[PDB]
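A single chain comes next, written as structure tokens; it is the form deposited in one PDB entry.
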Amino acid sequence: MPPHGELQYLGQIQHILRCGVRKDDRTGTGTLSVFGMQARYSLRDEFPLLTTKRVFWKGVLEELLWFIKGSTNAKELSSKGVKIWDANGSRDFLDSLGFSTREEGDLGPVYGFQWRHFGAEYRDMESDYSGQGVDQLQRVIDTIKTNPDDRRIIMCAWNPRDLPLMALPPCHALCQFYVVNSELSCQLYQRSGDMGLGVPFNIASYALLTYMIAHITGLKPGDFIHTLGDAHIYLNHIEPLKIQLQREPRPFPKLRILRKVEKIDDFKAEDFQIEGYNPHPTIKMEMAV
């Protein structure tokens, strides 16, 4: 049979441990890093949620939905029990950035804002933006419906102009979608990836994204391609990861979408069912904030 998908990631980890290189950095942690990597993850019918370590599926799903609203409010998400972005939205972190007069939780014009209001002038995380800016998401969706062959189907989060205002500039500069034989593929270009903590999370998100849009446009899910710039492992993750390397992947889950959704916006949390997710136990990995 074909090999297990998860071995894309695991192999990457191992490459970085053997061929990595020690850079220092802000946190004072240090890293082993590699520049330029890529993996392919079939989305049919499996769903590349990793197994050798339990991934935060709850946060993966809720954060995505939090994106599609166009939210840059860390506390709106955090309320759902998903604290992935609170470290960066805390009064503490903001202040150290110069955002002395910004409300606690205000991530600035990051993902939620760029995906639906690109170019708009960003005031604050609660202002009305409707009609303003470019709606990359729907322009994308609509294109896959009426021009599947387009080589231009792109969402871009990287906005140089808005940079100074973001608590943290996008890790996902951009992503691109692709159709052929009515099979929707997606590749993400990710400027910086934390192999230990972040990258598994990220994979599941764009896989999820991919599935959502396949549903809306009547297509079946193909590949998810993961492209990387600065692939690193924080030196305080090496032990934990080495642990996880010994584990043998268990077959991926399948993703069930429980009802026919018409627009991207009226997706809900309880529309998605994950089947057969039998992951190994989690491993704590310090977030290098």
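For clarity, a rigid core is taken as the largest C-alpha set superposing within 1.5 Å between two forms. For every residue, the number given is its place in the sequence shown, counted from 1.
Does residue 98 go missing in at least one third of the other entries compared here?
yes, residue 98 frequently unmodelled elsewhere, at least a third of entries.
Any chance residue 89 is unbuilt in a third or more of the other entries we compared?
Across the other compared entries, residue 89 is absent from at least a third.
So which stretch wins on mean C-alpha B-factor, 250 to 258 or 35 to 43?
Taking the mean C-alpha B-factor of 250 to 258 and of 35 to 43, the larger value falls to 250 to 258.
Using the B-factors recorded in the PDB entry, average over the C-alpha atoms of 192 to 200 and of 124 to 132, then report which stretch comes out higher.
Comparing averages over the C-alpha atoms only gives 124 to 132.
Highest CA temperature factor in the entry: which of 116, 91, 145, 172?
The C-alpha B-factor peaks, among 116, 91, 145, 172, at 91.
Highest CA temperature factor in the entry: which of 65, 235, 49, 264?
In the PDB entry, the greatest C-alpha B-factor among 65, 235, 49, 264 is found at 264.
Can you work out whether the C-alpha temperature factor of residue 70 puts it in the lowest, middle or highest third of the chain?
Its C-alpha B-factor belongs to the middle third of this chain's values.
What third of the chain, by the recorded C-alpha B-factor, contains residue 242?
Top third by C-alpha B-factor.
Would you mind checking where the Cα B-factor of residue 226 ranks among the modelled residues of its chain, as the lowest, middle or highest third?
As the PDB entry reports it, the C-alpha B-factor of residue 226 lands in the lowest third of its chain.
Comparing residue 108 with the other modelled residues of its chain, is its CA B-factor in the lowest, middle or highest third?
Middle third, going by the recorded CA B-factors of the chain.
Ranked by Cα temperature factor within the chain, is residue 176 in the lowest third, the middle third or the highest third?
Within its chain, residue 176 is a lowest-third residue by C-alpha B-factor, going by the deposited values.
The discussion below concerns the form solved in complex with a partner chain, not included here.
All three of 140, 155 and 171 touching the partner chain in the entry with it bound at 4.5 Å, heavy atom to heavy atom?
Affirmative, all three are within 4.5 Å.
Does residue 211 reach the partner chain in the entry with it bound, with heavy atoms at most 4.5 Å apart?
No, residue 211 is distant from the partner.
Taking heavy atoms and a 4.5 Å cut-off, does residue 218 contact the partner chain in the entry with it bound?
Result no; residue 218 lies far from the partner chain in the entry with it bound.
Is residue 206 close to the partner chain in the entry with it bound, meaning a heavy atom pair under 4.5 Å apart or at it?
No, residue 206 is distant from the partner.
Any idea which of 176, 138, 159, 205 has its C-alpha shifted 2 Å or more between the shown form and the other one with the rigid core fixed?
One residue passes the 2 Å cut-off, namely 159.
Answer yes if the CA of residue 115 moves 2 Å or more between the shown form and the other one after aligning the rigid core, and no otherwise.
No.
Aligning on the rigid core, do we see the C-alpha of residue 275 shift 2 angstroms or more between the shown form and the other one?
Moves: no, less than 2 Å.
Quick check on residue 149: with the core superposed, does its CA move 2 angstroms or more between the shown form and the other one?
After core superposition, the displacement of the residue 149 C-alpha between the shown form and the other one stays below 2 Å, so no.
If the CA atoms of residue 199 and residue 166 move by 3 Å or more in the entry with it bound, do they move toward each other or away, so closer or farther than here?
Farther is correct, given that in the entry with it bound the C-alpha spacing of residue 199 to residue 166 is increased by at least 3 Å.
Shorter or longer C-alpha distance for residue 60 and residue 160 in the entry with it bound, given it differs from this form by 3 Å or more?
It is closer: in the entry with it bound, the C-alpha atoms of residue 60 and residue 160 lie at least 3 Å nearer than they do here.
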